[PDB]
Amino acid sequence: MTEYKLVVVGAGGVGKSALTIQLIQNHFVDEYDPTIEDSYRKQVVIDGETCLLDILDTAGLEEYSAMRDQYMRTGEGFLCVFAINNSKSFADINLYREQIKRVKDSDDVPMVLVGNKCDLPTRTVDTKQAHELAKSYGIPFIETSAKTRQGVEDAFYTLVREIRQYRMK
C-alpha cells in the first residue's frame, strides 16, 4: 500500500487543522487551538488504489517562519491553504510556495491551492483571483469548508493524485 507524505501549510488561523481533523475525525469545533506540530495517518481509496496518507499539520504562527526547511525537505506534497475572508493569508501563499520551491530546489513540487472557509459570506478573495494564481503555478485550486466538509476529501485526494502523477512521470 503506497504511502504519501502530505504537509498542510499556510498562514495562522486559515483552517489547516480544522481541515485535517475533518478528514481524520469527521468533526469540526470552532475553538482556536493554534498548532505546534501534529501528525496523522489515514487509509483511503483513491481511484481504486489503497493509499496511506501521512499528514503533517504545521504551525502557521509567523514567529517560527525560520523552522520550516526540514519538514519541507521531508514532505512529498503540500496543501497550501488560505482563507477566502483573509486577503493577507492569500498573499502569504506565494511566500510559502517560494520557500518550498527554494528548499526542495525544484519548480515541480506537488501542491494544491486550497481556499478554505467558503461557508462564510464575508469573502474578500474572489474565486477568479485564486484560480489565476493556481493557473500560474500549474497546480489545482479547490475551495473548501472544514465546517461543512465541502471539498475536504477532494482537496487531500487531489494532492495525492498530484504526487502520483509526479512519481509515474
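Sequential numbering from 1, following the sequence displayed.
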{"query": "Mean C-alpha temperature factor, higher of 32-40 and 126-134", "finding": "126-134"}
{"query": "Which of 14-22 and 156-164 has higher mean CA B factor, as the PDB entry lists it", "finding": "156-164"}
{"query": "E62, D57, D54, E49, ranked by C-alpha B-factor: the highest one", "finding": "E49"}
{"query": "Lowest, middle or highest third - CA B-factor, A83", "finding": "middle"}
{"query": "Third assignment of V109 from its chain's C-alpha B-factors", "finding": "highest"}
{"query": "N94 - which third its CA temperature factor falls in, relative to the rest of the chain", "finding": "highest"}
